[PDB]
Structures are given as structure tokens and as C-alpha cells.
Amino acid sequence: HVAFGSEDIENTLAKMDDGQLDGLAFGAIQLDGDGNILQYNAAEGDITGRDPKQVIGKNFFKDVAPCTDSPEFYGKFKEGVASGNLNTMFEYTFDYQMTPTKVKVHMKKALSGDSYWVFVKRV
Ligand SMILES: *C(=O)/C=C/c1ccc(O)cc1
């Protein structure tokens with residue numbers, strides 16, 4: 001088990017494969033520094049209606065999730081990528097190619113130093 005917002009969430013998830021990530025209680029997306037989707041779990045697809053198997057490789061901010069292209073989400077992502085001190089939490093509404101859905105979001109640098117987690121749960 002691992003809870004949304006856990007202080008060491010990035011440690012726990014670093015040890016996980018696809019199946020384990022698919023079993024999480026919350027949506028989990030891993031992005032590279034450019035916002036390309038590296039991983040996308042089953043729980044996230046349950047929130048958004050995206051097929052996880054097919055969004056891999058797409059750009060989260062340009063193509064998949066344009067409603068997050070804003071200072072409030074994408075702006076915070078780029079600030080944290082640039083600082084090396086991505087770890088930030090906030091509320092948001094997802095409303096592109098889905099019923100508007102209120103969520104809470106947590107972004108955090110992965111240990112694969114290279115990538116960046118985006119965590120989502122319904123509120
Ligand atoms: C806004 O358009 C948000 C879209 C979105 C958020 C999260 C996802 O996993 C997929 C699309």
C-alpha cells in the first residue's frame with residue numbers, strides 16, 4: 001500500500017513495475033522534463049477515460065491534457081523541473097474529453113532523477 005501524498009512516495013514507486021503501478025489507489029503519470037508521457041497507470045485512466053496503453057509517448061500539456069496548460073499546473077511543473085525541487089500539491093478540474101472532474105494533484109520528481117511524477121485523485 002502507498003497513500004496519495006506520502007512523504008516518500010517517490011521511493012516506493014521507484015521500486016514498482018507496471019502491474020504494481022496499475023494497482024495504486026490514485027492516478028499516477030510519469031513525465032519527462034518536456035512533459036512527454038513515460039508511464040500512465042490504470043487508476044488514472046479510470047479518472048480520465050484515456051487508454052494508458054496508448055497515451056504513452058504523447059505530450060501531456062500540448063495534446064492529452066490541454067486544460068492543464070496554465071500557470072496553475074504546467075507553470076508549476078516547469079518551475080519545479082527548473083529547480084530540481086519538484087514537489088507540489090493543489091486542486092484542479094479536468095474537463096477535456098471528459099465530464100468536468102474535480103481532482104487533487106501532487107507532482108514530484110522521480111528518483112530516476114530524469115522523470116517526474118504527476119499524481120491525481122478525485123475530490
Ligand atoms: C484537461 O484537459 C485535463 C486533461 C487530462 C488530465 C489528466 C489525464 O490523465 C488526462 C487528461
# chains A, B, ... in the order shown; residues from 1 in each chain; ligands from 1
call {"tool": "residues_near_ligand", "arguments": {"ligand": "ligand 1", "cutoff": "10 Å", "atoms": "only C-alpha atoms and all ligand atoms", "output": "NGL selection string"}}
result
:A and (27-29 or 37 or 40-52 or 55 or 60-69 or 92-98 or 100-101 or 103 or 105 or 118-120)
call {"tool": "closest_residue", "arguments": {"among": "A:78, A:111, A:17, A:26", "to": "residue 123 in chain A", "atoms": "only C-alpha atoms"}}
result
A:26
call {"tool": "atom_distance", "arguments": {"atom1": "CA of residue 80 in chain A", "atom2": "CA of residue 122 in chain A"}}
result
23.2 Å
call {"tool": "residues_around", "arguments": {"residues": "residue 57 in chain A", "least_positions_apart": "3", "cutoff": "10 Å", "atoms": "only C-alpha atoms", "output": "VMD selection string"}}
result
chain A and resid 31 to 32 35 to 39 53 to 54 60
call {"tool": "write_last_selection", "arguments": {"atoms": "N, CA, C and O atoms", "output": "PDB file, in the first residue's frame"}}
result
ATOM      1  N   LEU A  31       6.193  11.849 -16.279  1.00  0.00           N
ATOM      2  CA  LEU A  31       6.560  12.699 -17.399  1.00  0.00           C
ATOM      3  C   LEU A  31       8.063  12.897 -17.443  1.00  0.00           C
ATOM      4  O   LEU A  31       8.718  12.912 -16.401  1.00  0.00           O
ATOM      5  N   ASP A  32       8.610  13.084 -18.637  1.00  0.00           N
ATOM      6  CA  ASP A  32       9.969  13.598 -18.726  1.00  0.00           C
ATOM      7  C   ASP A  32       9.941  15.118 -18.570  1.00  0.00           C
ATOM      8  O   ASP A  32       8.876  15.728 -18.388  1.00  0.00           O
ATOM      9  N   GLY A  35       7.540  17.080 -20.615  1.00  0.00           N
ATOM     10  CA  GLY A  35       6.128  16.768 -20.495  1.00  0.00           C
ATOM     11  C   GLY A  35       5.634  15.590 -21.325  1.00  0.00           C
ATOM     12  O   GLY A  35       4.426  15.394 -21.452  1.00  0.00           O
ATOM     13  N   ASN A  36       6.562  14.812 -21.888  1.00  0.00           N
ATOM     14  CA  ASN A  36       6.226  13.580 -22.597  1.00  0.00           C
ATOM     15  C   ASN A  36       5.827  12.504 -21.596  1.00  0.00           C
ATOM     16  O   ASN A  36       6.453  12.381 -20.540  1.00  0.00           O
ATOM     17  N   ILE A  37       4.795  11.728 -21.922  1.00  0.00           N
ATOM     18  CA  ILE A  37       4.307  10.713 -21.001  1.00  0.00           C
ATOM     19  C   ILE A  37       5.166   9.444 -21.081  1.00  0.00           C
ATOM     20  O   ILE A  37       5.254   8.804 -22.132  1.00  0.00           O
ATOM     21  N   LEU A  38       5.782   9.092 -19.957  1.00  0.00           N
ATOM     22  CA  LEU A  38       6.612   7.889 -19.813  1.00  0.00           C
ATOM     23  C   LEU A  38       5.815   6.702 -19.260  1.00  0.00           C
ATOM     24  O   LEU A  38       6.015   5.552 -19.688  1.00  0.00           O
ATOM     25  N   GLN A  39       4.951   6.982 -18.279  1.00  0.00           N
ATOM     26  CA  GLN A  39       4.113   5.966 -17.627  1.00  0.00           C
ATOM     27  C   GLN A  39       2.755   6.587 -17.347  1.00  0.00           C
ATOM     28  O   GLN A  39       2.656   7.798 -17.150  1.00  0.00           O
ATOM     29  N   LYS A  53      -2.367   2.454 -22.394  1.00  0.00           N
ATOM     30  CA  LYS A  53      -1.545   1.725 -23.340  1.00  0.00           C
ATOM     31  C   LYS A  53      -1.222   2.594 -24.545  1.00  0.00           C
ATOM     32  O   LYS A  53      -0.253   2.322 -25.248  1.00  0.00           O
ATOM     33  N   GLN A  54      -2.020   3.639 -24.781  1.00  0.00           N
ATOM     34  CA  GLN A  54      -1.862   4.473 -25.980  1.00  0.00           C
ATOM     35  C   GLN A  54      -1.403   5.946 -25.791  1.00  0.00           C
ATOM     36  O   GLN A  54      -0.878   6.536 -26.733  1.00  0.00           O
ATOM     37  N   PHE A  60       1.791  15.533 -22.540  1.00  0.00           N
ATOM     38  CA  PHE A  60       0.718  15.787 -21.601  1.00  0.00           C
ATOM     39  C   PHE A  60       0.128  17.202 -21.746  1.00  0.00           C
ATOM     40  O   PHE A  60      -1.089  17.349 -21.776  1.00  0.00           O
TER      41      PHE A  60
END
call {"tool": "select_by_dssp", "arguments": {"residues": "chain A", "states": "helix (DSSP H, G or I)", "output": "number ranges by chain"}}
result
A: 9-14, 18-22, 42-48, 52-55, 60-64, 66-68, 71-83
call {"tool": "select_by_dssp", "arguments": {"residues": "chain A", "states": "strand (DSSP E)", "output": "ChimeraX atom specification"}}
result
/A:27-31,37-40,87-94,101-109,116-122
call {"tool": "residues_around", "arguments": {"residues": "residue 104 in chain A", "least_positions_apart": "3", "cutoff": "6 Å", "atoms": "only C-alpha atoms", "output": "number ranges by chain"}}
result
A: 90-91, 120-121
call {"tool": "residues_around", "arguments": {"residues": "residue 108 in chain A", "least_positions_apart": "5", "cutoff": "7 Å", "atoms": "only C-alpha atoms", "output": "JSON, numbers by chain"}}
result
{"A": [86, 87, 88, 116, 117, 118]}
call {"tool": "closest_residue", "arguments": {"among": "A:115, A:109, A:25, A:20", "to": "residue 8 in chain A", "atoms": "only C-alpha atoms"}}
result
A:109
call {"tool": "atom_distance", "arguments": {"atom1": "CA of residue 106 in chain A", "atom2": "CA of residue 4 in chain A"}}
result
8.1 Å
call {"tool": "atom_distance", "arguments": {"atom1": "CA of residue 7 in chain A", "atom2": "CA of residue 30 in chain A"}}
result
17.4 Å
